[PDB]
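Give me a 3D structure for the following:
(2 chains, ligands or ions: 3)
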Amino acid sequence: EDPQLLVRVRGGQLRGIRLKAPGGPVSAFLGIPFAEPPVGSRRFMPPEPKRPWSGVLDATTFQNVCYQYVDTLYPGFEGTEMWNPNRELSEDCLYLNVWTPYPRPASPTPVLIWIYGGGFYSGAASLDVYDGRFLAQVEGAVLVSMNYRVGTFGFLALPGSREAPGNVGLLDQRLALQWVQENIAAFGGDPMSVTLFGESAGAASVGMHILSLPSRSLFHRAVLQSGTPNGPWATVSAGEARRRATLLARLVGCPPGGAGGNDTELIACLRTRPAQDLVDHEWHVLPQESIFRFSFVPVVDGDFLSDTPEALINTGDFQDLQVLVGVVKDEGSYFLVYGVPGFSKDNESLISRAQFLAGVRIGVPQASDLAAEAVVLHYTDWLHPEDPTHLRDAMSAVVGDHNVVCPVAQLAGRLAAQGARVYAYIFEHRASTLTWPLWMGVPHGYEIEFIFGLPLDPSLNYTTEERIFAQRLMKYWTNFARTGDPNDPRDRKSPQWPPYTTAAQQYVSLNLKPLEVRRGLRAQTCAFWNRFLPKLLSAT
Amino acid sequence: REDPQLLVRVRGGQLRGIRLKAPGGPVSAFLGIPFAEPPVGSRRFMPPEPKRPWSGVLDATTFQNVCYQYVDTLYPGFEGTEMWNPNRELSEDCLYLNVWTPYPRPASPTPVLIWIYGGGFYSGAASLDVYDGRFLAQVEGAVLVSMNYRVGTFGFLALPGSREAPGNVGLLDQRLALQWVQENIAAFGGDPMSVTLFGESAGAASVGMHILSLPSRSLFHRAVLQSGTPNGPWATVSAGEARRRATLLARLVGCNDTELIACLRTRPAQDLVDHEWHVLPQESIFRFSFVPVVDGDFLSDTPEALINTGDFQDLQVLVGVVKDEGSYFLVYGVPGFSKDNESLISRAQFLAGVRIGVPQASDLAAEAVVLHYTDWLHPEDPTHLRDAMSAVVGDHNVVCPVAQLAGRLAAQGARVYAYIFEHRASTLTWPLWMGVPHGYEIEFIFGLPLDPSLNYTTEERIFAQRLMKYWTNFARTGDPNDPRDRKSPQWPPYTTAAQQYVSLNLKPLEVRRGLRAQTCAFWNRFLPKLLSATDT
Ligand SMILES: C[N+](C)(C)CCCCCCCCCC[N+](C)(C)C
Ligand SMILES: C[N+](C)(C)CCCCCCCCCC[N+](C)(C)C
Ligand SMILES: *[C@@H]1O[C@H](CO)[C@@H](O)[C@H](O)[C@H]1NC(C)=O
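Residues are numbered from 1 along each chain as shown, chains lettered A, B, ... in the order given. Ligands and ions are numbered 1, 2, ... in the order given. The relevant structure is shown in the block below.
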């Protein structure tokens, strides 16, 4: 047929499809099974390498989304729907995608592996905003985006157990990585320049790979957008993981009656429950009412993660590492409508003070009273402690800083200090297209469109600057991808992006106006969160 | 034959004053008038008993003894330090007051201004050149009274509940002086119905105490608290602490409460002064040995309690603070600070100094403080660190307690006026790094720049006038604003809602909202909870 859309892989033949990007043709190999479907008695189990196949495996289309909760908060609303599954749900979802430029690159092009985010409970490479055709067509890079097990399926764990040891949604990603290694070669990809890049929980994931030895040998560069492995939401202890597994199990009738004491039977029992049964009780295992906290996520097992990601970034050796890190203007905005009284995407959410005080307890569930006070002290504007507008924006700040920004900063600094070559940024441009209210500004995850290059598509209603902007962004990423320096290669155009350093603390303003270097990532505020607050908590 | 204008008859007898010359004219001055029987011998530690009547004409032309106290020998010969030291023979017999009126004495009853001097309750005197009534008297026509009150062990050593050493006597001395004015001030042309109290540091604390003590409250109508409050970390002590110290000091000099006080009364006054500092419990600064005890008598409850639950509708108050309240004190106990160099310190000193400045803090409380006052972008910059250490001490001990008091008073009916003094005396002898320290506003209020003999500038003289106008207008009408003269900058009341105060500097008045708002919420609201959580 066409040697361009026909490829032999370590397991067998494949057939891609030829996509048409604004600037030209692209080869796309969608739905490549990287592992044997983790269904049946394989559920909660580490993934296994897909067995070799006979004939030509079709790969002209997107596979099934892993089993996960579907958002029903705002039915029909693009702002939420855009994140929901666009393919059928199934426990048989272990496939990855590959975009290569048409025709295949002359020599070993650098590879950009994307890891989607969604609180470790949702997400899919199948998504529109994760369309890696532009970054291949335009920047000529080999882009790979895989699907990994979310929710209970990916992270339910009974630490120490043989049949649900946890973190399998990560081993999924790791397995996709080992694949890209021994197989990307055939797509014109360089198995020597693997640059991982993900947002939210994907970012947190990327971090996990950096912190996990076995994952090291599978990548060389890393980008962590709006998320880290060290936060208050990305991991749970062994005890908590268990307490939530058993509880979820219990709710689903596992085991039935007053029988118990055997984890194997407990999992065996769980393995028989319809997928939707688990998803039904996913949210009932949280210990307190909250936001930006997820039920099933990576666990500190002492295997995939040898110790807390905190303890790891604190004492790891990141000398050789080259990382790109960042954040958006208002991380915490999106999460407010999902459980904080007074907040809706429909009104301006001009909240009362009491609403704000309550909100603080939700957004910071692990906080004792005194610690809550501290947070209130810090975020209240005492000249106007009643102004609804402040209270509103302050709530978004508490959430966004606590969960994303400060942890980012804590990582960046701890990384740089450890030997890493870190680069930081603050995405501040609010897409014109954006359907969420003005009050949320630049919400968690609204940088993707630009990094992926969606504004390049003419049909989509993006402004010309946004297009130029997107290209600029794609440039930084791909540049960081090949070189390990997001800067205009040789061609020293103009503004330079300096490495974030402990002493200097430099990050850049990623927006319409050319680069604009700044110092201190909420330095003051994050000193509160990263230095003080912790000891306030470990006292109370 | 006598000058009819300098001969005054007072309840205890007659007295002759002296005609003084102020820059713009003559002024009458009656100095060293006794208002109490000499608190000596067995009268030591005891409350003041009224001055017994005398015969003949008492000589009220010269200042009297300064109350027995400690003398500041830190920087021998240094004006900025000596300007506060005793300028008359020390003696226990020091209970006298001074009145300054225009010359000739005013025809119409004029508003009285009563000055209570600073000095951390361990020192001070009305004898001091900075507390000179002559300018206020001559330029504004005020009747200015100022008294001496016992300090240190003599005026504040307490064995709560005993008869022979009840404590707070120095505060009683001031009250007695306040009564004396009530009675006798009419004789000089003063109006007993328009008494306005004003003080600085411990002086302002004392003023606050009179506001919070019922008896004293019916002896004045308005008040001005300059860089000082009744509430706050240093102004008062528990009854148990007061006793811990008193008992300790007693033991330190070789001494049943009665039998103890008896022994302390045989000790030479200097023996006491020498040991008064040995009783402090911790390595600190801006923390004094013998201050007002909360006896449940003069002070029914704590000033904190009292300002939170009191009626203050019938009160007009002027409160303020100078731009660099902390500096002066760093020099006294925080390593790395000297008047001689620029005192740029290392983060290590800043850290060890916060424990000096907030001696009562727990490691966590301290760390909370450190976190607040650090510039995390340059946590090592000695300049910022130096400036910051000064703010910790100023905010903790003065600025915030003032903001607290302003809010509580305002909240509970009072009419409050607030300011921040920002001008640095051109003639200032303290290093430029100390900015406008604690006490360097006084000389302007009292009108010293009006004396051409002193080397102030023309602007400074004009400034002094403006301030004297502010104070007197307030002492006169409860409002510091120029009445008829709807001039230019109008000074609005501090309200809990708007939180406005003004800038007292060479430029015209400027209104500012929120007095160290965010920082004071840390000290006032949060720090205490954290403090109690981590307490002993
Ligand atoms: C922004 N994306 C999507 C890319 C990543 C964010 C994932 C976190 C979603 C927060 C809302 C959780 C709501 C939980 N429920 C629906 C159960 C209330
Ligand atoms: C300017 N006036 C006279 C109105 C106020 C003077 C206040 C004196 C400050 C002394 C601080 C001592 C601190 C404790 N140690 C002994 C450690 C220095
Ligand atoms: C916004 O709307 C939600 C639900 O419609 C409501 O709970 C909230 O009180 C509203 N807030 C304002 C400020 O209108």
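
quick one: the helices in the stretch 201-350 of chain A?
For the stretch 201-350 of chain A, the helices defined by DSSP state H, counting those that start in this stretch occupy A:213-216, A:238-251, A:263-270, A:275-281, A:309-315.

The first one packs against which elements?
When you say that, I think you mean helix A:213-216. Packing contacts for helix A:213-216, counted by 3 or more CB pairs under 8 Å, 6 or more residues apart in numbering or on different chains; DSSP states H and E, involve helix A:168-184, helix A:200-211. Heads up, the C-betas are built off the backbone N, CA and C, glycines and all.

Tabulate those helices (JSON lines), appending mean neighbour count.
Output for these, formatted as JSON lines (neighbours: other CB atoms under 10 Å in any protein chain shown):
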{"stretch": "helix A:168-184", "mean neighbour count": "23"}
{"stretch": "helix A:200-211", "mean neighbour count": "27"}
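
counting contacts, what elements does the longest helix out of those in chain A pack onto?
In chain A, assigned by DSSP state H, the helix with the most residues is helix A:464-482. In terms of contacts (3+ CB pairs under 8 Å, 6+ apart), helix A:464-482 is packed against strand A:109-115, helix A:134-137, strand A:189-199, strand A:221-225, strand A:322-325, helix A:448-452.

want to throw the helices of the stretch 201-350 of chain A into TSV with distance to residue B:369 and mean neighbour count?
Listed next are the helices of the stretch 201-350 of chain A as TSV, based on distance: least, CB to CB, whole Å; neighbours: other CB atoms under 10 Å in any protein chain shown:
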stretch	distance to residue B:369	mean neighbour count
helix A:213-216	41	14
helix A:238-251	34	19
helix A:263-270	49	18
helix A:275-281	46	17
helix A:309-315	25	18
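
Out of these, which gets nearest to ligand 2?
Across these, ligand 2 has its closest neighbour in helix A:309-315 (38.7 Å, CB to the nearest ligand atom).

what's the distance between the residue nearest the centre of chain A and chain B?
In chain A, the centroid-proximal residue (CA atoms, centre = their mean) is residue A:202; its distance is 2.3 Å. Using CB to the nearest CB, to the nearest Å, we find residue A:202 at a distance of 30 Å from chain B.

same question, residue A:263
To chain B, residue A:263 is 41 Å away according to CB to the nearest CB.

which bits of chain A sit near chain B?
Counting by CB under 8 Å from any CB of the partner chain, the residues of chain A close to chain B are A:370, A:373-374, A:377, A:380-383, A:505, A:519-520, A:523-524, A:527-528, A:531-532, A:535-536, A:539-540.

Whatever helix or strand residue A:393 lives in close to ligand 3?
Using DSSP states H and E, residue A:393 sits within helix A:388-400. No. Judged by CB under 6 Å from any ligand atom, helix A:388-400 and ligand 3 are separated, with a smallest distance of 7.5 Å.

still on that earlier bit, want to throw the helices and strands packed on helix A:464-482 into a markdown table with mean neighbour count and distance to ligand 1?
A markdown table is the format used below for the helices and strands packed on helix A:464-482 (neighbours: other CB atoms under 10 Å in any protein chain shown; distance: least, CB to the nearest ligand atom, whole Å):
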| stretch | mean neighbour count | distance to ligand 1 |
| --- | --- | --- |
| strand A:109-115 | 27 | 12 |
| helix A:134-137 | 26 | 18 |
| strand A:189-199 | 23 | 6 |
| strand A:221-225 | 26 | 10 |
| strand A:322-325 | 25 | 17 |
| helix A:448-452 | 24 | 7 |
